[PDB]
Amino acid sequence: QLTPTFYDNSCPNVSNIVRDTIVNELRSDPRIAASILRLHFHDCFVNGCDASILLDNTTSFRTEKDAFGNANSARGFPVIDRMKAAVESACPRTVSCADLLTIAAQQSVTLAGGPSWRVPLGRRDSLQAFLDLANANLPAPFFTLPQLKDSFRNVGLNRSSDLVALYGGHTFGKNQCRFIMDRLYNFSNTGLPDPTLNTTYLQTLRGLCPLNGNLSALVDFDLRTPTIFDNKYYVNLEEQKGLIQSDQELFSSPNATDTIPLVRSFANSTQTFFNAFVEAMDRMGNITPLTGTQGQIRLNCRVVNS
Ligand code: HEM
Ligand SMILES: [Ca+2]
Ligand SMILES: [Ca+2]
């Protein structure tokens with residue numbers, strides 16, 4: 001069983017080292033806390049939270065970094081390297097990359113204003129990476145609600161509360177124009193915008209993301225508080241101001257009978273949201289871990305030990 005006290009004897013200052021690393025990086029990259037949370041999500045959804053995403057290419061397997069959901073998108077890898085080196089310096093050969101990334105995600109959420117909790121620990125590191133599985137398992141922003149639900153179920157998260165709460169990760173961070181062009185200009189081959197996008201916000205987004213513009217330009221997921229971890233994400237949805245199709249689907253899908261009341265409850269209460277977010281995060285962090293003597297304590301997060 002994973003346990004929050006796992007390093008209390010062997011590396012008691014691990015969360016502190018992780019915190020200071022993020023605090024320091026945030027001075028020059030305000031986006032890093034968002035990026036790190038996303039890294040952990042992408043770890044967990046592919047063979048579980050086993051740091052498989054941190055591995056670079058080898059001649060026998062391809063890196064997940066070249067997945068459709070990771071390439072030219074996922075970021076923060078050198079920051080993870082830095083906190084890893086610092087922990088190895090304090091606590092040699094003790095803390096797994098999988099656990100380190102889990103703590104990093106939690107600390108990132110707290111540093112951005114979100115809930116504070118101790119994550120379960122004891123995960124171990126994969127002996128390979130899973131590119132095809134990453135391409136199969138990471139959901140895409142054009143997914144319908146039933147597709148999103150299938151994608152969460154596929155990895156062991158059956159509950160609509162899992163989906164709606166973890167979606168609150170879009171309370172901060174950035175999204176490239178490429179992922180919303182259809183909503184803005186040609187939704188579902190209509191040549192018209194997505195009708196569930198508020199028309200005032202549509203104009204703003206078209207201004208940031210013109211047809212024939214730079215597809216890599218970044219826009220904030222949360223128009224209310226772009227860098228603060230809070231429940232404002234859900235208030236946006238109630239106003240038809242979710243950024244990506246999958247955001248707005250939680251509130252507007254014909255299949256949203258079960259998700260609408262979760263969105264509303266989380267918009268109405270910070271405490272309700274934060275409680276559900278911590279619960280869902282810990283469920284996601286419990287996806288198929290290696291434990292005990294399985295896998296490794298990887299010394300360099302990019303390569304399996306030899
Ligand atoms: C449920 C369907 C999901 C879809 C379709 C989706 C899609 C996306 C997309 C397209 C981006 C922008 C990527 C880029 O522009 O490079 C992104 C960013 C982000 N996602 Fe999600 N996501 C989902 C779930 C989640 C979950 C469950 C979390 C966290 C628990 C998460 C956290 C993040 C964060 C924090 C960012 C901002 C990253 C940054 O600014 O570097 N996402 N997501
Ligand atoms: Ca993984
Ligand atoms: Ca926010």
# chains A, B, ... in the order shown; residues from 1 in each chain; ligands from 1
>>> residues_around(residues="residue A:215", least_positions_apart="5", cutoff="9 Å", atoms="only C-alpha atoms", output="PyMOL selection string")
chain A and resi 176-179+181+209-210
>>> residues_near_ligand(ligand="ligand 1", cutoff="7 Å", atoms="only C-alpha atoms and all ligand atoms", output="PyMOL selection string")
chain A and resi 31-32+34-35+37-38+41+72-75+139-143+148+163+166-170+172-176+179+218+246
>>> write_last_selection(atoms="N, CA, C and O atoms", output="tab-separated table (two decimals), in the first residue's frame")
chain	number	residue	atom	x	y	z
A	31	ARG	N	4.89	29.63	-15.21
A	31	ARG	CA	4.09	28.54	-15.76
A	31	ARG	C	4.50	27.16	-15.19
A	31	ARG	O	3.77	26.17	-15.37
A	32	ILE	N	5.63	27.09	-14.49
A	32	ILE	CA	6.21	25.78	-14.13
A	32	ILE	C	5.32	24.92	-13.23
A	32	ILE	O	5.30	23.68	-13.36
A	34	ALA	N	2.02	24.73	-13.19
A	34	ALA	CA	1.07	24.07	-14.10
A	34	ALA	C	1.72	22.92	-14.90
A	34	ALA	O	1.17	21.82	-14.98
A	35	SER	N	2.89	23.20	-15.48
A	35	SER	CA	3.56	22.25	-16.33
A	35	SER	C	3.87	20.97	-15.55
A	35	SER	O	3.74	19.87	-16.08
A	37	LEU	N	2.31	19.75	-12.80
A	37	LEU	CA	1.11	18.99	-12.50
A	37	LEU	C	0.76	18.14	-13.73
A	37	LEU	O	0.41	16.96	-13.62
A	38	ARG	N	0.87	18.76	-14.91
A	38	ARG	CA	0.51	18.04	-16.14
A	38	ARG	C	1.42	16.86	-16.39
A	38	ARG	O	0.95	15.80	-16.85
A	41	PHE	N	0.18	13.95	-14.38
A	41	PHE	CA	-1.02	13.42	-15.04
A	41	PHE	C	-0.60	12.52	-16.22
A	41	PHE	O	-1.05	11.37	-16.35
A	72	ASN	N	6.30	18.72	-28.29
A	72	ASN	CA	6.12	20.14	-28.43
A	72	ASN	C	4.97	20.63	-27.54
A	72	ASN	O	4.18	21.48	-27.95
A	73	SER	N	4.89	20.09	-26.31
A	73	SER	CA	3.76	20.39	-25.43
A	73	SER	C	4.14	20.22	-23.97
A	73	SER	O	4.11	21.16	-23.17
A	74	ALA	N	4.50	19.00	-23.60
A	74	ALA	CA	4.94	18.72	-22.23
A	74	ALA	C	6.24	19.48	-21.97
A	74	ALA	O	7.08	19.59	-22.86
A	75	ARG	N	6.41	19.97	-20.74
A	75	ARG	CA	7.61	20.75	-20.43
A	75	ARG	C	7.96	20.64	-18.95
A	75	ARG	O	7.15	20.14	-18.15
A	139	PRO	N	-5.97	11.60	-23.37
A	139	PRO	CA	-7.17	12.06	-24.09
A	139	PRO	C	-6.83	13.28	-24.95
A	139	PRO	O	-5.88	13.99	-24.65
A	140	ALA	N	-7.63	13.53	-25.98
A	140	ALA	CA	-7.41	14.70	-26.82
A	140	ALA	C	-8.48	15.77	-26.60
A	140	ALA	O	-9.60	15.46	-26.19
A	141	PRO	N	-8.14	17.04	-26.88
A	141	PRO	CA	-9.06	18.13	-26.56
A	141	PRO	C	-10.34	18.12	-27.39
A	141	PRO	O	-11.27	18.83	-27.02
A	142	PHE	N	-10.38	17.36	-28.48
A	142	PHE	CA	-11.59	17.26	-29.27
A	142	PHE	C	-12.46	16.08	-28.82
A	142	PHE	O	-13.46	15.79	-29.45
A	143	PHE	N	-12.08	15.41	-27.73
A	143	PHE	CA	-12.94	14.33	-27.22
A	143	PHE	C	-14.30	14.81	-26.71
A	143	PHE	O	-14.38	15.83	-26.01
A	148	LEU	N	-14.17	11.21	-23.14
A	148	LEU	CA	-13.38	11.55	-21.96
A	148	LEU	C	-13.60	10.52	-20.85
A	148	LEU	O	-12.67	10.07	-20.19
A	163	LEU	N	-13.21	12.72	-13.05
A	163	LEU	CA	-13.06	13.51	-14.29
A	163	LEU	C	-13.27	15.00	-14.02
A	163	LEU	O	-12.43	15.84	-14.41
A	166	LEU	N	-10.42	16.51	-11.57
A	166	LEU	CA	-9.07	16.58	-12.11
A	166	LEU	C	-8.99	17.58	-13.25
A	166	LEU	O	-7.93	18.16	-13.48
A	167	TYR	N	-10.08	17.71	-14.02
A	167	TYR	CA	-10.28	18.88	-14.96
A	167	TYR	C	-10.04	20.27	-14.40
A	167	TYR	O	-9.75	21.22	-15.15
A	168	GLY	N	-10.14	20.38	-13.09
A	168	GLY	CA	-9.83	21.62	-12.41
A	168	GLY	C	-8.36	21.98	-12.53
A	168	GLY	O	-8.00	23.11	-12.21
A	169	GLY	N	-7.51	21.04	-12.97
A	169	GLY	CA	-6.13	21.38	-13.31
A	169	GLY	C	-6.03	22.50	-14.35
A	169	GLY	O	-4.99	23.16	-14.45
A	170	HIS	N	-7.10	22.70	-15.11
A	170	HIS	CA	-7.16	23.76	-16.13
A	170	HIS	C	-7.56	25.09	-15.49
A	170	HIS	O	-7.93	26.05	-16.19
A	172	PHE	N	-5.25	26.70	-14.16
A	172	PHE	CA	-4.05	27.49	-14.47
A	172	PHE	C	-3.36	26.94	-15.72
A	172	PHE	O	-3.90	26.03	-16.34
A	173	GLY	N	-2.23	27.49	-16.14
A	173	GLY	CA	-1.56	26.93	-17.31
A	173	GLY	C	-2.01	27.46	-18.68
A	173	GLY	O	-2.95	28.24	-18.80
A	174	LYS	N	-1.34	26.97	-19.72
A	174	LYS	CA	-1.50	27.51	-21.07
A	174	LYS	C	-1.90	26.44	-22.04
A	174	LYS	O	-1.57	25.26	-21.86
A	175	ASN	N	-2.53	26.90	-23.13
A	175	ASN	CA	-2.99	26.07	-24.23
A	175	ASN	C	-2.64	26.71	-25.57
A	175	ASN	O	-2.88	27.89	-25.77
A	176	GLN	N	-2.11	25.94	-26.51
A	176	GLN	CA	-1.80	26.48	-27.84
A	176	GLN	C	-3.05	26.72	-28.71
A	176	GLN	O	-4.01	25.95	-28.70
A	179	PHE	N	-5.14	23.92	-30.65
A	179	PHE	CA	-6.16	23.03	-30.03
A	179	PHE	C	-7.56	23.59	-29.97
A	179	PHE	O	-8.52	22.87	-29.62
A	218	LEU	N	0.15	30.88	-27.25
A	218	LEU	CA	-0.43	30.32	-26.02
A	218	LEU	C	-1.53	31.21	-25.47
A	218	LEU	O	-1.43	32.44	-25.49
A	246	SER	N	-13.21	19.86	-24.63
A	246	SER	CA	-13.37	18.92	-23.52
A	246	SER	C	-13.73	19.62	-22.19
A	246	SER	O	-14.45	19.04	-21.35
>>> residues_near_ligand(ligand="ligand 3", cutoff="7 Å", atoms="only C-alpha atoms and all ligand atoms", output="ChimeraX atom specification")
/A:171-172,222,224-233
>>> write_last_selection(atoms="C-alpha atoms", output="short mmCIF file (atom, residue, chain, number, x, y, z; two decimals), in the first residue's frame")
data_model
loop_
_atom_site.label_atom_id
_atom_site.label_comp_id
_atom_site.auth_asym_id
_atom_site.auth_seq_id
_atom_site.Cartn_x
_atom_site.Cartn_y
_atom_site.Cartn_z
CA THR A 171 -7.58 26.41 -13.47
CA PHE A 172 -4.05 27.49 -14.47
CA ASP A 222 -8.61 30.15 -17.05
CA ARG A 224 -10.41 34.68 -14.56
CA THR A 225 -7.24 33.70 -12.69
CA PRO A 226 -4.70 32.33 -15.17
CA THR A 227 -2.02 31.34 -12.62
CA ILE A 228 -3.95 30.79 -9.43
CA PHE A 229 -5.16 27.36 -8.40
CA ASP A 230 -8.82 27.97 -7.47
CA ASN A 231 -12.33 27.01 -8.46
CA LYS A 232 -12.73 29.85 -11.01
CA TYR A 233 -12.30 27.24 -13.79
#
>>> select_by_dssp(residues="stretch 93-146 of chain A", states="helix (DSSP H, G or I)", output="PyMOL selection string")
chain A and resi 97-111+131-137+145-146
>>> residues_near_ligand(ligand="ligand 2", cutoff="8 Å", atoms="only C-alpha atoms and all ligand atoms", output="PyMOL selection string")
chain A and resi 42-53+126+129-130
>>> residues_around(residues="residue A:293", least_positions_apart="6", cutoff="12 Å", atoms="only C-alpha atoms", output="list in words")
residues 122, 123, 124, 125 and 126 of chain A
>>> select_by_dssp(residues="stretch 97-282 of chain A", states="strand (DSSP E)", output="list in words")
residues 174, 175, 176, 218, 219 and 220 of chain A
>>> residues_around(residues="stretch 95-100 of chain A", least_positions_apart="5", cutoff="9 Å", atoms="only C-alpha atoms", output="ChimeraX atom specification")
/A:7,10-11,14-15,18,40,43,49-52,54,80,83-84,87-88,105,119-126,289,296-301
>>> residues_around(residues="residue A:160", least_positions_apart="3", cutoff="12 Å", atoms="only C-alpha atoms", output="PyMOL selection string")
chain A and resi 145-146+148-153+156-157+163-167+250+255-263+276+280
>>> residues_around(residues="residue A:183", least_positions_apart="4", cutoff="9 Å", atoms="only C-alpha atoms", output="PyMOL selection string")
chain A and resi 179+187-188+192-197+202+244-245
>>> closest_residue(among="A:186, A:59, A:199, A:94", to="residue A:6", atoms="only C-alpha atoms")
A:94
>>> atom_distance(atom1="atom CA of residue A:236", atom2="atom CA of residue A:267")
8.7 Å
>>> closest_residue(among="A:2, A:219, A:55, A:134", to="residue A:304", atoms="only C-alpha atoms")
A:55
>>> closest_residue(among="A:212, A:13, A:116, A:154", to="residue A:274", atoms="only C-alpha atoms")
A:116
